[PDB]
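Below you'll find the structure, written out as structure tokens, and then a few comments.
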Amino acid sequence: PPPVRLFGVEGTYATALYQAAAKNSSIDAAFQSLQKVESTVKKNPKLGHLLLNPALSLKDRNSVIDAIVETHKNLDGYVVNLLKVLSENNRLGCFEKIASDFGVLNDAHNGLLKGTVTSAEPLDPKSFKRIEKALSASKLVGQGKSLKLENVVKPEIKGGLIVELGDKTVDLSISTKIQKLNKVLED
Amino acid sequence: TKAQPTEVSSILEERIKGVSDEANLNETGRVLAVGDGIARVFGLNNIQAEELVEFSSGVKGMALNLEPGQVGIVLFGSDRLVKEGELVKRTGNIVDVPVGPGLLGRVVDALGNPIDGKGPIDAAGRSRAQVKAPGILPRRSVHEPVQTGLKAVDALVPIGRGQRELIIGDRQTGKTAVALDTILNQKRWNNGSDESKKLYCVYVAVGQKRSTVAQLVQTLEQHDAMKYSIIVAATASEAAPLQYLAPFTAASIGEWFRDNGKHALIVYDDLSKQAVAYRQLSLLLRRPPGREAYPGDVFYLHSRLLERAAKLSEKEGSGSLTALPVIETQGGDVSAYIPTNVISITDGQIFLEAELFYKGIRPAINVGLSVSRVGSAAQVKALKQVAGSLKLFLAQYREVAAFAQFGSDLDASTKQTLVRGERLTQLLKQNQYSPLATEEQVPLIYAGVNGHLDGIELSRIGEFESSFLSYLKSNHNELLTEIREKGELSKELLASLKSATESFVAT
Amino acid sequence: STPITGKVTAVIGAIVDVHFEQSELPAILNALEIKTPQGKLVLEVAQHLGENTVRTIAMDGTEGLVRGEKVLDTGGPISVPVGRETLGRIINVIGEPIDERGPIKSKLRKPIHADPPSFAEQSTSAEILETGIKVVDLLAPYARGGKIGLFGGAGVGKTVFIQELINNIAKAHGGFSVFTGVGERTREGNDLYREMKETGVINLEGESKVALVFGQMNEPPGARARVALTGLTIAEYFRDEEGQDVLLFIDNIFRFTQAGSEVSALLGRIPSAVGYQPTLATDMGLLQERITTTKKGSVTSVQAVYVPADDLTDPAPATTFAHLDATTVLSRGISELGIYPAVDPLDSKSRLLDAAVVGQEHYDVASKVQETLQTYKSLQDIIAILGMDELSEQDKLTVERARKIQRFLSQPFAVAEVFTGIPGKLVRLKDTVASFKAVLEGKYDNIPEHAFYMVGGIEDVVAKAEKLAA
Amino acid sequence: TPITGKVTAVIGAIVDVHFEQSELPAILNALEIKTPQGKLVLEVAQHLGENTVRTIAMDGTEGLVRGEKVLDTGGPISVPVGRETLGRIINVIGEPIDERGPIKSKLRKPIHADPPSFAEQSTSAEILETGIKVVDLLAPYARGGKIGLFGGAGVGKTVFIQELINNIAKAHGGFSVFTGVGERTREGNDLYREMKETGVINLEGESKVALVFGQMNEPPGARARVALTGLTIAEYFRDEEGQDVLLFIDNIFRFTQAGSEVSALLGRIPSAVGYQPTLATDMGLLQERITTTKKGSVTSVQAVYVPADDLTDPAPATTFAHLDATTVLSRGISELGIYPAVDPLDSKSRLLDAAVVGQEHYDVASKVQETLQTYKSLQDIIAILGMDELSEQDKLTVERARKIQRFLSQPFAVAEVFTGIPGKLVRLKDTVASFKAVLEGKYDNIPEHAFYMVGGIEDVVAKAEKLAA
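Residue numbers (PDB author numbering), protein chains in the order written: chain O, 7 to 193; chain B, 3 to 509; chain F, 6 to 475; chain E, 7 to 475.
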């Protein structure tokens, strides 16, 4: 079965897509072509959301598909069959949804495990590196499966950081500790 | 977010893979979900509605939902045979049953297999489960008696051939016994000749345990009446689709009698259990309406079933299936949806009352809640004359009786009524599993109505009835022959009968 | 136009969904025909559900429908035939001759759906219909153009009452009548057919002063619902385009409710009280409003209603109760007492019994009758238990007259020469008023009680006194 | 190659598995998930497709980790049956919970089995005497029959059943199965002790009884398949060992309840009241797996906890259909204090025919019914207007009926303790005679309280002497 079954509707499309291109290989190619047409789809404003939204027929949708394969003639063919499927199921609002999911499955297949280090402020590159090193040398990412890690800045968190990936987190923020401390001296 | 039945991942991945099946979308299709005895198969787009589909397990199932991609095929068997991904190949036939005279002396399951196992059915045809009701033009007005041998039924709510008469009343009030009495009196015609003057009785048993059915066949074999009866059975164990299909295929068997021009009678016991079966079937189908717990369209099911019994014209060979529905009433609630529906469809009600069962009328028919809309035109001409004011007397008795239990100083007129009335109810009293010949119901009603028994003490009325009949059998057996032969009472006969009755007042 | 082809997608009961192609959408309330070995299955378009997929209700049986079966669109509501040829010919729900006389149609067809007549169109009646049935004439006077309503129990000779009305009133009047039967039994159908052939109202060598639309309940629920609309349009054709007065008859409108309840549930609409359709009111309303006396014509409906388990507090009778002008209650008890008409006089109410409308004399006489009977009913309890003798001389005279009046109500019916044998009597309105007045004064208290029983007018009552005397 | 799977969902005790292998166990197959608490037995009930079955879980869920290994046991749970079942109390899985150690299995049979054929059926008619006065007079039981109670208070139901076991099963010599579906653990312990005491279970000795006991605390799903297990044990005796058996089932309302509980979770939109939209079929199979075939006669006793005492509820209603005789027990008669609490106007038996128990028996019963019905009829009038101010004829009837009502009493032997009155068991032949006399008003001349809570006519005479002092 696919690397990581995310489940969920619209991810049934992704699952299907994944296994279909997995058994014929060339998943990276499929993903790349899908990304490329997806990116120029977002960067085309009519059919950027103003024709991604339902209000079209099967037939009118089909002619939208025909225009889509004009946009980048030769994608990977499996994703051209996917476009047909999407036309027939008359979903296209969950087009980017499938794209994101196929990416997750794809980069899971690659083993590129992207994570995140939400923090209050942009952190030092030494901090980035040390955390990445530690994380690679941890049980959590033993390595063998590639590590990507992204620090993001979220203002809501007040001080500290939380490292997250694999549904395994170490939450060592300041805000939470303050909360608990306040609470315990309100008792 | 939409979830379509075509978003099944094996289907979906095949479509993405380009190449996809056809022909397994015509005459074949692959099961994909199946549980609750209700399959959903993908394919079969050449399926016609109501068709029978052969599961590769060997299960046969009719198809009741043709959905926008998945045909919902109701299994006739247990799903412990069926399993996911099986192929089903369309039989290509809507259900059909063998119909013939060979069904006489056969207990048969819905698909027409002898479950009494008296070997192969001698089937003179096959028929289809649904057959639309004969039109107005095929019909001709009723003119044929049916004498159940129960005095109250014949006198008060007469039944004729073609009529729809609903037997309604509380659960297991020996519901079967009321019906069985009719069958037993059809021995009298059975012994006789002219086969269109014989009712070939079809007892349909839905939802009942094998032991109950087995007892019935023993009783019938005891009365040697299985020699002219067909028992179509669908026991409780037998599948809900098979139970649903059982009345409509019983009807088809009946129509074969009609087609031959012969007359027959079909007991549908219980239609209520058909309705429960259809409730479970509908809900298992995802069939949307609760209907007060019975799905909308149950009235359509019952209505189409019942209107397939009719008295036909002589250019239709003068056929006539007569029907007797049996409806259990949950606490006597006639405003319950299934009871309401049936009452409208039928042309009579034969309400049975529990209190009166205990009071000693056994069977007990609450004559207030019993009607026969068609009425006399099947009541013997003689019996019509005698029982003319029997209805009035009883009606007066009912009003008077209400007053009477407050037992105040009685108006002379009321205590005349009270005394007469008390005797009349006791006169009516029936004895289970013992029909009575109409020729010998005419004397008893004459005696009672002409007040000869009003005097005779209440306790010994039961003795009197037996003895009176014996006395007439001994002495006025010529008179009885005439009542049998001529079936309307002449002035001379009325007087003769009066003289005989008068003599028997003092014994 | 060109064929508008739809492909069935789901056959699941009466609901059959069709997949018309783009730019060839039908419209709500159109009629689709599907060619079948059963002739033409008619589907009434009832929803658009999206992407050129309609949800339609079947009018013929849905057995053996093969998935993706081509569906033609007629393009508009079911189009009946209308004409003066409709008179004396029997046509089924889709307007097809079941009398097997072949083609019926004048020059016109009309849609089954039609808009209710406007406020402007309305014209108020005041004419007094004569039924000849004395109890009805005095104590619940009917009016020509009215919306008469036969509330009563389960088919309690219900058909017989209606049959008598058709037998008397139809021949008597010069107008047309329309008998519409909503899912009435095929036994009843054969009887009606035979009966009106016998009474010659239906004369197959001549014209008929009535048309028939006999609906049978073997027909699916959808057909049961819209049989009423079909009949209604024929009446509209008479009222409007033939300009004449009519005397519509519908039977039984509880079946109209039941049918509608069923297809509401089939349509998936959340059922209201006692399972009855959420659209019950407006559907009843549409039928009822359509029938009215305009300045184009006048149509006098008699709509039978079946009061399930004799409980009219049940919403379906109660909803109809509002819409009908001149209610009539038929009671099992009164029938059982042996009085045919089974109409219970004190329970029947007609708002046409307004004093001016029927004239002061009629009103006063009828008030006196009503009081006399009501007193008698009150006194029934005293006589029964307490005793007859303790009643006053005044009370005793009122009781004796009431028993006579009670059985003076009893009059035979011509169509119950079959259900009895005694030939019926059509009694003039004036004669009835006169005869009841006489009785109250006790001018015929020298006549036996049983010489009022089951006879017509005063002349008959006097004659029957002589017969009993002999 | 055992079918491996993962636990996709754990929505209540209706776990869903996703088999990774393309092999798919069929409906009613059984799966074992090896629990760190033991094992959990699950039974495949739907195939929802995408290799995701939906399985009923027969043991108490908790600690389930989604993804846990599944193993396919295949087919319905196959219990072990034999003569070795006799003298064991066995759990749903068939393992002795009375710690008699593992049964020496002979034949192990799947819990689900198809119900015997129409041909197989044979109709018995032999009277089975009870010795309870009301039972004997009003609704005589038959041997091989399906007997029914429709009690509302289980406190009374258990006593009634206990009395039946006490009388009938000592007289009976053949094998007997007690299957107690969802009943009180304390009560079950009482039975186990009592049975062991009355030697029917003799553990050191031999037992001609076997026991299956299902506690009401056991998870609903477990309770659902307790019944099927018992029917299998019974079937083994009936068929395979051929012996004439007995069977007691109490409380079979719990079978119904359990189904109603699972139904929602299974994914079925519930039918009226709340009962599962599969109620008729499920009940049907169960009551047709209990039969008197031509290979054996199994007298079965079914006890129904009518909820709220509403018989009109569909679940009691569908129980009424499959029973040869019923003896509805109701709160009113309990309030009247009469033990047995059998309604005398709500009992029936197929054997009440005069062709069976004789015309004289039937006539005696007829008079009792009519008299009591009159008495019930005049209850309104009695309250509104004095009983003195009723008709002379009626007052005799009323006096007779008050006596009849009291006469119907009879102290139980098992509950001789609970009643506090030494038990009374009276012959059927004696009963008919006694009532006949009373109806002829022979003993109508002595206190009404002398008929109250005591047995036979001779005892009434003696109690008159006691009262007279």
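Every residue, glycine too, gets a C-beta built ideally from N, C-alpha and C.
In angstroms with no decimal places, state the Cα-to-Cα distance between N208/F and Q168/F. Along the third sequence, one-based indexing puts residue 208/F at 203. Along the third sequence, one-based indexing puts residue 168/F at 163. Taking the straight line from one Cα to the other gives about 16 Å.
Pick out whichever of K153/B, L54/B, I138/B, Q165/B has its Cα sitting closest to the Cα of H145/B. To locate residue 145/B, count along the second sequence from 1; it is residue 143. Measuring from the Cα of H145/B, the nearest candidate turns out to be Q165/B.
Inset, instruction - Please work out which residues of its chain come closer than 8 Å, Cβ to Cβ, to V133/B, disregarding the five sequence neighbours upstream and downstream, and give them in chain order. - result: Here residue 133/B is taken as the residue at index 131 of the second sequence, counted from 1. Answer for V133/B: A253, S254, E257, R310, listed in chain order.
How about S84/F and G100/F: do their beta carbons lie closer than 9 Å? Against the third sequence, residue 84/F aligns to sequence position 79. Against the third sequence, residue 100/F aligns to sequence position 95. Going by C-beta atoms, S84/F is nearer than 9 Å to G100/F.
Chain B beta carbons: is any one of them nearer than 9 Å to that of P320/E? Translated into positions along the fourth sequence, residue 320/E becomes position 314. For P320/E, the answer is yes, since a Cβ of chain B falls inside 9 Å of its Cβ.
- Does any residue of chain O bring its CB to less than 9 Å from the CB of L287/B? Numbered from 1 along the second sequence, position 285 holds the residue referred to as residue 287/B. By this cut-off, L287/B is not an interface position.
Practice prompt. Tell me the start and end of each unbroken beta strand (DSSP E) in the region 207-235 of chain E that is at least 3 residues and wholly inside, in chain order.
Written response: 215-221
Any chain O beta carbon closer than 9 Å to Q27/F = Position 22 of the third sequence, counted from the first residue, corresponds to residue 27/F. Answer yes: the Cβ-Cβ gap between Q27/F and chain O drops below 9 Å somewhere.
Original post:
When the Cα of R173/B is compared with those of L329/E, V141/E, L170/E, which residue comes out closest?
Top reply: As a working note, residue 173/B is residue 171 in the second sequence. Of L329/E, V141/E, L170/E, the residue nearest in Cα terms is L329/E.
Contained beta strand (DSSP E) runs [length at least 3] in the region 21-75 of chain E, N- to C-terminal order:
36-41, 44-53, 58-63
Contact check, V466/F vs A456/F, beta carbons under 9 Å:
To locate residue 466/F, count along the third sequence from 1; it is residue 461. To locate residue 456/F, count along the third sequence from 1; it is residue 451. Contact: yes.
Notebook entry, point to check: Within 9 Å (strictly less), CB to CB, does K110/E reach chain B?
Noted result: Taking the first residue of the fourth sequence as 1, we reach residue 110/E at position 104. No, because no Cβ of chain B sits closer than 9 Å to the Cβ of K110/E.
For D400/F, the three-state DSSP class (helix, strand or coil)
For the purposes of this step, residue 400/F is taken as the residue at position 395 of the third sequence. DSSP places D400/F in helix when its eight states are reduced to three.
- Message: Using only CA atoms, which one of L342/F, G302/F, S355/F lies nearest to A327/F?
- Response: One-based indexing of the third sequence puts residue 327/F at position 322. The candidate whose alpha carbon is nearest that of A327/F is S355/F.
Taking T93/B as the reference, which of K62/B, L66/B, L106/B, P70/B has the closest Cα?
Your numbering for residue 93/B matches position 91 in the second sequence. Taking only the C-alpha atoms, the option nearest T93/B is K62/B.
How far does the alpha helix (DSSP H) with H225/B in it extend, from its first residue to its last?
On the second sequence, residue 225/B is found 223 positions in, with the first residue counted as 1. Counting along the chain, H225/B falls outside any alpha helix (DSSP H), and DSSP gives it neither H nor E.
Worksheet item: Quick one: which chain B residues come within Cβ less than 7 Å of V16/F?
Response: Position 11 of the third sequence holds residue 16/F. Neighbours of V16/F on chain B, chain order: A51, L68.
Practice prompt. For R310/B, decide whether its Cβ has a neighbour in chain E, counting only Cβ atoms nearer than 9 Å.
Written response: Here residue 310/B refers to the residue found at position 308 of the second sequence. No, no contact with chain E.
How would you list, in chain order, the residues of chain B whose beta-carbon sits under 9 Å from the beta-carbon of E169/E?
One-based indexing of the fourth sequence puts residue 169/E at position 163. Neighbours of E169/E on chain B: none; closest Cβ ~25 Å, over 9 Å.
Q. Going by beta carbon distance, what residues of the same chain come within less than 6 Å of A15/F, once the five residues before and after it are set aside?
A. Working through the third sequence from its first residue, we reach residue 15/F at position 10. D22.
Distance, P276/E Cα to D107/O Cα: To locate residue 107/O, count along the first sequence from 1; it is residue 101. To locate residue 276/E, count along the fourth sequence from 1; it is residue 270. If you take the alpha carbons of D107/O and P276/E, they lie about 37 Å apart.
Legend entry - Inside the region 339-370 of chain E only - beta strand (DSSP E) runs reaching at least 3 residues: 348-355
So, using beta-carbon positions, are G429/E and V420/E closer together than 9 Å?
-> Within the fourth sequence, residue 429/E is the residue found at index 423, counting from 1. Within the fourth sequence, residue 420/E is the residue found at index 414, counting from 1. Yes. Within cutoff.
Beta-carbon within less than 7 Å of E29/F's beta-carbon, same chain only, minus the 5 sequence neighbours each way: which residues are those?
For the purposes of this step, residue 29/F is taken as residue 24 along the third sequence, with counting starting at 1. Excluding positions up to five away in sequence, the list reads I9.
Item to check | Nearest-angstrom Cβ-Cβ length linking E38/E and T79/E, presumed shorter than 8 Å | outcome: Locating residue 38/E in the fourth sequence gives position 32, counting from the first residue. Locating residue 79/E in the fourth sequence gives position 73, counting from the first residue. Right, their Cβ atoms sit about 5 Å apart.
### Message
Tell me which residue opens and which closes the beta strand (DSSP E) that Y281/F is part of.
### Response
On the third sequence, position 276 is the one that residue 281/F refers to. Taken as a continuous stretch (DSSP letters only), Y281/F belongs to no beta strand (DSSP E), as it is neither H nor E.
According to the Cβ coordinates, are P147/B and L314/B closer than 9 Å? In the second sequence, residue 147/B corresponds to position 145, counting from 1. In the second sequence, residue 314/B corresponds to position 312, counting from 1. Not in contact: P147/B and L314/B (Cβ atoms no closer than 9 Å).
Q. Which residue or residues does DSSP assign as beta-bridge partners of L335/E?
A. Within the fourth sequence, the letter at position 329 stands for residue 335/E. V348/E.
query: So, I117/B versus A235/B, is the Cβ gap smaller than 9 Å?
result: Counting from one through the second sequence, the residue named residue 117/B turns up at place 115. Counting from one through the second sequence, the residue named residue 235/B turns up at place 233. Taking 9 Å as the Cβ cut-off, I117/B and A235/B qualify as a contacting pair.
* With DSSP collapsed to three states, give me the class of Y435/B. => Position 433 of the second sequence, counting from 1, holds the residue named residue 435/B. Three-state DSSP puts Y435/B in coil, outside helix and strand.
Where does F44/B sit, in a helix, a strand or coil, going by DSSP? Position 42 of the second sequence, counted from the start, is the residue given in the question as residue 44/B. In this structure, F44/B counts as strand in the three-state DSSP scheme.
*asked:* Per the DSSP calculation, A421/E is bridged to which residue(s)?
replied: Position 415 of the fourth sequence, counted from the first residue, corresponds to residue 421/E. Beta-bridge pairing links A421/E to no other residue.
Review point. Helix, strand or coil: which one does DSSP assign to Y147/E?
Key: Here residue 147/E refers to the residue found at position 141 when the fourth sequence is read from its first residue. In this structure, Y147/E counts as strand in the three-state DSSP scheme.
_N112/O classed as buried or exposed, judged by whether at least 16 other C-beta atoms fall within 10 angstroms_ = Here the question's residue 112/O lines up with position 106 in the first sequence. Per the 10 Å Cβ criterion, buried.
- Task: Give a yes or no on whether 9 Å exceeds the smallest Cβ distance from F243/E to chain B.
- Result: As a first step, residue 243/E must be located in the fourth sequence, where it is residue number 237. Taking Cβ atoms only, chain B never reaches closer than 9 Å to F243/E, which makes this a no.
> Residues of chain B with CB under 7 Å from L23/O, in chain order?
Replying inline: Residue 23/O sits at position 17 when you count from the first residue of the first sequence. Going along chain B in sequence order, the residues near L23/O (Cβ under 7 Å) are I18.
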